[PDB]
Amino acid sequence: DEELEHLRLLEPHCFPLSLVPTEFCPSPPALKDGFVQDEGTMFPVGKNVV
Amino acid sequence: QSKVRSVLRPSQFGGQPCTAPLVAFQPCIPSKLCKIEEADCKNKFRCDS
Amino acid sequence: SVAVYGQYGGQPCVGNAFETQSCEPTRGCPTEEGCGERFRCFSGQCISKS
Amino acid sequence: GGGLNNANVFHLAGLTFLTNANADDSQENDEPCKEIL
Amino acid sequence: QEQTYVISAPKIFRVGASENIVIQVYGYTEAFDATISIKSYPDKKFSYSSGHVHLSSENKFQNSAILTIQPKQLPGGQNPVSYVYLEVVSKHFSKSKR
Amino acid sequence: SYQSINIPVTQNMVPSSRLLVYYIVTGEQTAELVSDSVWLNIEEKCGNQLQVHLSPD
């Protein structure tokens, strides 16, 4: 099992790459007197929004 | 990074060899930076080696 | 695989132990990283420019 | 503009690049270029 | 050596800048996607930014990712981060540069 | 014959700007990155071009 975990972590192009994200946040909450500059249809995990 | 094991007893008198690596290596992503740098000598001629 | 090995001059197995199928791959072919700063031999091996 | 090489062209343009096409920037120092324009 | 790529980037990433990073691949035919990402150094543990870019004959296999090092996500403290990993990942290659 | 760089010099270029061009050719079997660059002065015109004048000249 160490083969699967470590080498797929280290060299992802070497394995079948599910590159498209599987999970997303809901849309960012609007502010009082403010909005999001990069509004979009999907918000992958770890994405920043301004 | 190195992973290593020990001989509990050697082979001898024609018994089966250990037949497997005593040390394995795995590529890491390192946490620290290399503090090793070239200690270029003051005056001796530096060979390209 | 060979179920039963031919023995005592019993007839060896006949035909190929492999066959090949076309597919659609899920995984991509990894490319060469070129020699960068190193000299490239025509084969694609790399050596010190020195 | 221009340069001694593709790598030098990129460096003097103020760029850098990742490629497998047998070139790399790393040879060239981050020197304070001072040509007058 | 038909399948090749260039990713080209500013010589230095300015902190908090919106930096436009552009990728070209050569000799591919099947439409495929890559991600370009900025990651903490040396550990690659923290992604400062990432961009999915689709590359196709439709794009002549060219795209750019726009990536920004938000100033607060850097660890800061006594030591400024001096260096960062730019990364590319695709079905066909991965490379990272400091 | 290759398409020329027919482009508007957009307003973000008005500080003197720069151009770089490149291709990769795969050669016989070995690839080479080929590239060139040039300097482009863009005449310092502001975006606002704020014009202020004493009307009772």
# chains A, B, ... in the order shown; residues from 1 in each chain; ligands from 1
call {"tool": "select_by_dssp", "arguments": {"residues": "chain D", "states": "helix (DSSP H, G or I)", "output": "list in words"}}
result
residues 6, 7, 8, 9, 10, 11 and 12 of chain D
call {"tool": "select_by_dssp", "arguments": {"residues": "chain F", "states": "strand (DSSP E)", "output": "PyMOL selection string"}}
result
chain F and resi 17-25+32-40
call {"tool": "interface_residues", "arguments": {"of": "chain C", "to": "chain A", "cutoff": "9 Å", "atoms": "only C-alpha atoms", "output": "count of residues only"}}
result
5
call {"tool": "closest_atom_pairs", "arguments": {"of": "range 12-96 of chain E", "to": "range 24-43 of chain B", "cutoff": "10 Å", "atoms": "only C-alpha atoms", "output": "JSON lines"}}
result
{"residue": "E:41", "atom": "CA", "partner": "B:31", "partner_atom": "CA", "distance": 8.7}
{"residue": "E:42", "atom": "CA", "partner": "B:31", "partner_atom": "CA", "distance": 6.4}
{"residue": "E:43", "atom": "CA", "partner": "B:31", "partner_atom": "CA", "distance": 5.2}
{"residue": "E:44", "atom": "CA", "partner": "B:29", "partner_atom": "CA", "distance": 7.5}
{"residue": "E:45", "atom": "CA", "partner": "B:29", "partner_atom": "CA", "distance": 9.1}
call {"tool": "write_last_selection", "arguments": {"atoms": "N, CA, C and O atoms", "output": "compact mmCIF listing (two decimals), in the first residue's frame"}}
result
# COMPACT_ATOMS: atom_id res chain seq x y z
N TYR E 41 7.46 26.67 0.30
CA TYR E 41 8.79 26.14 0.08
C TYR E 41 9.52 26.01 1.40
O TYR E 41 9.37 26.86 2.29
N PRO E 42 10.34 24.95 1.57
CA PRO E 42 10.57 23.82 0.66
C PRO E 42 9.49 22.74 0.75
O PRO E 42 9.51 21.80 -0.04
N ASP E 43 8.55 22.84 1.68
CA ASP E 43 7.74 21.69 2.05
C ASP E 43 6.61 21.39 1.07
O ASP E 43 6.02 20.31 1.15
N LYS E 44 6.29 22.32 0.17
CA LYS E 44 5.13 22.19 -0.73
C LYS E 44 3.83 21.90 0.02
O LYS E 44 2.86 21.44 -0.58
N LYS E 45 3.78 22.17 1.32
CA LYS E 45 2.60 21.78 2.10
C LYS E 45 1.41 22.71 1.86
O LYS E 45 0.27 22.24 1.82
call {"tool": "interface_residues", "arguments": {"of": "chain C", "to": "chain B", "cutoff": "12 Å", "atoms": "only C-alpha atoms", "output": "list in words"}}
result
residues 48, 49 and 50 of chain C
call {"tool": "write_last_selection", "arguments": {"atoms": "C-alpha atoms", "output": "JSON list (two decimals), in the first residue's frame"}}
result
[["chain", "number", "residue", "atom", "x", "y", "z"],
["C", 48, "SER", "CA", 27.97, 17.23, -17.53],
["C", 49, "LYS", "CA", 28.82, 19.89, -20.11],
["C", 50, "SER", "CA", 32.38, 19.73, -18.76]]
call {"tool": "atom_distance", "arguments": {"atom1": "CA of residue 80 in chain E", "atom2": "CA of residue 19 in chain D"}}
result
28.3 Å
call {"tool": "interface_residues", "arguments": {"of": "chain C", "to": "chain D", "cutoff": "8 Å", "atoms": "only C-alpha atoms", "output": "PyMOL selection string"}}
result
chain C and resi 32-37+40
call {"tool": "atom_distance", "arguments": {"atom1": "CA of residue 11 in chain A", "atom2": "CA of residue 93 in chain E"}}
result
8.8 Å
call {"tool": "closest_atom_pairs", "arguments": {"of": "chain F", "to": "chain D", "cutoff": "7 Å", "atoms": "only C-alpha atoms", "output": "CSV"}}
result
residue,atom,partner,partner_atom,distance
F:31,CA,D:21,CA,5.2
F:32,CA,D:21,CA,5.5
F:33,CA,D:21,CA,5.9
F:34,CA,D:6,CA,5.8
F:35,CA,D:6,CA,5.3
F:36,CA,D:2,CA,5.5
F:37,CA,D:1,CA,4.8
F:38,CA,D:1,CA,4.3
F:39,CA,D:1,CA,5.8
call {"tool": "decode", "arguments": {"residues": "range 7-31 of chain B", "atoms": "N, CA, C and O atoms", "output": "PDB file, in the first residue's frame"}}
result
ATOM      1  N   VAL B   7      19.518  -8.233  10.450  1.00  0.00           N
ATOM      2  CA  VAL B   7      19.707  -9.681  10.425  1.00  0.00           C
ATOM      3  C   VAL B   7      19.553 -10.228  11.838  1.00  0.00           C
ATOM      4  O   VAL B   7      20.293  -9.847  12.752  1.00  0.00           O
ATOM      5  N   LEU B   8      18.586 -11.128  12.020  1.00  0.00           N
ATOM      6  CA  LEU B   8      18.449 -11.823  13.294  1.00  0.00           C
ATOM      7  C   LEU B   8      19.465 -12.950  13.436  1.00  0.00           C
ATOM      8  O   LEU B   8      20.059 -13.118  14.506  1.00  0.00           O
ATOM      9  N   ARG B   9      19.687 -13.727  12.375  1.00  0.00           N
ATOM     10  CA  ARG B   9      20.901 -14.517  12.239  1.00  0.00           C
ATOM     11  C   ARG B   9      21.333 -14.522  10.780  1.00  0.00           C
ATOM     12  O   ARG B   9      20.477 -14.569   9.885  1.00  0.00           O
ATOM     13  N   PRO B  10      22.635 -14.483  10.503  1.00  0.00           N
ATOM     14  CA  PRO B  10      23.092 -14.703   9.128  1.00  0.00           C
ATOM     15  C   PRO B  10      22.760 -16.103   8.640  1.00  0.00           C
ATOM     16  O   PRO B  10      22.492 -17.018   9.419  1.00  0.00           O
ATOM     17  N   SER B  11      22.783 -16.260   7.320  1.00  0.00           N
ATOM     18  CA  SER B  11      22.916 -17.578   6.722  1.00  0.00           C
ATOM     19  C   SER B  11      24.344 -18.084   6.886  1.00  0.00           C
ATOM     20  O   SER B  11      25.295 -17.305   6.968  1.00  0.00           O
ATOM     21  N   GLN B  12      24.491 -19.403   6.947  1.00  0.00           N
ATOM     22  CA  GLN B  12      25.797 -20.017   6.751  1.00  0.00           C
ATOM     23  C   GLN B  12      25.600 -21.499   6.476  1.00  0.00           C
ATOM     24  O   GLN B  12      24.500 -22.039   6.618  1.00  0.00           O
ATOM     25  N   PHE B  13      26.690 -22.153   6.076  1.00  0.00           N
ATOM     26  CA  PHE B  13      26.675 -23.580   5.761  1.00  0.00           C
ATOM     27  C   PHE B  13      25.659 -23.918   4.675  1.00  0.00           C
ATOM     28  O   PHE B  13      25.114 -25.024   4.646  1.00  0.00           O
ATOM     29  N   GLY B  14      25.392 -22.976   3.774  1.00  0.00           N
ATOM     30  CA  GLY B  14      24.515 -23.233   2.652  1.00  0.00           C
ATOM     31  C   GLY B  14      23.034 -23.047   2.886  1.00  0.00           C
ATOM     32  O   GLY B  14      22.242 -23.429   2.017  1.00  0.00           O
ATOM     33  N   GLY B  15      22.625 -22.481   4.013  1.00  0.00           N
ATOM     34  CA  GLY B  15      21.225 -22.159   4.193  1.00  0.00           C
ATOM     35  C   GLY B  15      20.790 -21.027   3.282  1.00  0.00           C
ATOM     36  O   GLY B  15      21.598 -20.330   2.669  1.00  0.00           O
ATOM     37  N   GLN B  16      19.478 -20.846   3.191  1.00  0.00           N
ATOM     38  CA  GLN B  16      18.933 -19.847   2.281  1.00  0.00           C
ATOM     39  C   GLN B  16      19.516 -18.472   2.593  1.00  0.00           C
ATOM     40  O   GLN B  16      19.593 -18.090   3.767  1.00  0.00           O
ATOM     41  N   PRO B  17      19.936 -17.706   1.588  1.00  0.00           N
ATOM     42  CA  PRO B  17      20.356 -16.327   1.845  1.00  0.00           C
ATOM     43  C   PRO B  17      19.196 -15.487   2.355  1.00  0.00           C
ATOM     44  O   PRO B  17      18.029 -15.881   2.307  1.00  0.00           O
ATOM     45  N   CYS B  18      19.536 -14.296   2.851  1.00  0.00           N
ATOM     46  CA  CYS B  18      18.508 -13.368   3.310  1.00  0.00           C
ATOM     47  C   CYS B  18      17.618 -12.914   2.159  1.00  0.00           C
ATOM     48  O   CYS B  18      16.429 -12.647   2.365  1.00  0.00           O
ATOM     49  N   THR B  19      18.187 -12.769   0.963  1.00  0.00           N
ATOM     50  CA  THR B  19      17.489 -12.652  -0.319  1.00  0.00           C
ATOM     51  C   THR B  19      16.649 -11.387  -0.461  1.00  0.00           C
ATOM     52  O   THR B  19      15.814 -11.319  -1.371  1.00  0.00           O
ATOM     53  N   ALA B  20      16.826 -10.391   0.399  1.00  0.00           N
ATOM     54  CA  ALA B  20      15.996  -9.196   0.340  1.00  0.00           C
ATOM     55  C   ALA B  20      16.829  -8.005   0.785  1.00  0.00           C
ATOM     56  O   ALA B  20      17.824  -8.171   1.501  1.00  0.00           O
ATOM     57  N   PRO B  21      16.452  -6.791   0.381  1.00  0.00           N
ATOM     58  CA  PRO B  21      17.218  -5.608   0.791  1.00  0.00           C
ATOM     59  C   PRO B  21      17.155  -5.372   2.291  1.00  0.00           C
ATOM     60  O   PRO B  21      16.093  -5.460   2.909  1.00  0.00           O
ATOM     61  N   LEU B  22      18.314  -5.068   2.876  1.00  0.00           N
ATOM     62  CA  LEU B  22      18.372  -4.668   4.276  1.00  0.00           C
ATOM     63  C   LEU B  22      17.999  -3.210   4.502  1.00  0.00           C
ATOM     64  O   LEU B  22      17.612  -2.857   5.621  1.00  0.00           O
ATOM     65  N   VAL B  23      18.103  -2.358   3.486  1.00  0.00           N
ATOM     66  CA  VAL B  23      17.657  -0.972   3.574  1.00  0.00           C
ATOM     67  C   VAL B  23      16.853  -0.607   2.336  1.00  0.00           C
ATOM     68  O   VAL B  23      17.215  -0.977   1.215  1.00  0.00           O
ATOM     69  N   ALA B  24      15.762   0.123   2.546  1.00  0.00           N
ATOM     70  CA  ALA B  24      14.958   0.692   1.477  1.00  0.00           C
ATOM     71  C   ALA B  24      14.974   2.213   1.576  1.00  0.00           C
ATOM     72  O   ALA B  24      15.199   2.782   2.647  1.00  0.00           O
ATOM     73  N   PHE B  25      14.741   2.868   0.440  1.00  0.00           N
ATOM     74  CA  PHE B  25      14.655   4.320   0.375  1.00  0.00           C
ATOM     75  C   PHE B  25      13.332   4.737  -0.252  1.00  0.00           C
ATOM     76  O   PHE B  25      12.793   4.051  -1.123  1.00  0.00           O
ATOM     77  N   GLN B  26      12.817   5.876   0.211  1.00  0.00           N
ATOM     78  CA  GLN B  26      11.588   6.462  -0.299  1.00  0.00           C
ATOM     79  C   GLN B  26      11.821   7.944  -0.568  1.00  0.00           C
ATOM     80  O   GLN B  26      12.385   8.643   0.291  1.00  0.00           O
ATOM     81  N   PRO B  27      11.415   8.467  -1.727  1.00  0.00           N
ATOM     82  CA  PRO B  27      11.524   9.916  -1.955  1.00  0.00           C
ATOM     83  C   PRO B  27      10.594  10.701  -1.041  1.00  0.00           C
ATOM     84  O   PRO B  27       9.386  10.462  -1.009  1.00  0.00           O
ATOM     85  N   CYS B  28      11.165  11.644  -0.301  1.00  0.00           N
ATOM     86  CA  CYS B  28      10.406  12.555   0.542  1.00  0.00           C
ATOM     87  C   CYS B  28      10.242  13.902  -0.153  1.00  0.00           C
ATOM     88  O   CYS B  28      10.835  14.168  -1.201  1.00  0.00           O
ATOM     89  N   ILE B  29       9.432  14.762   0.449  1.00  0.00           N
ATOM     90  CA  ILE B  29       9.551  16.208   0.286  1.00  0.00           C
ATOM     91  C   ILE B  29      10.141  16.776   1.573  1.00  0.00           C
ATOM     92  O   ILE B  29       9.500  16.691   2.629  1.00  0.00           O
ATOM     93  N   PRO B  30      11.337  17.361   1.543  1.00  0.00           N
ATOM     94  CA  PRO B  30      12.026  17.687   2.795  1.00  0.00           C
ATOM     95  C   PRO B  30      11.392  18.860   3.524  1.00  0.00           C
ATOM     96  O   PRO B  30      10.794  19.750   2.918  1.00  0.00           O
ATOM     97  N   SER B  31      11.525  18.846   4.851  1.00  0.00           N
ATOM     98  CA  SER B  31      10.990  19.921   5.679  1.00  0.00           C
ATOM     99  C   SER B  31      11.968  21.080   5.856  1.00  0.00           C
ATOM    100  O   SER B  31      11.564  22.245   5.782  1.00  0.00           O
TER     101      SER B  31
END
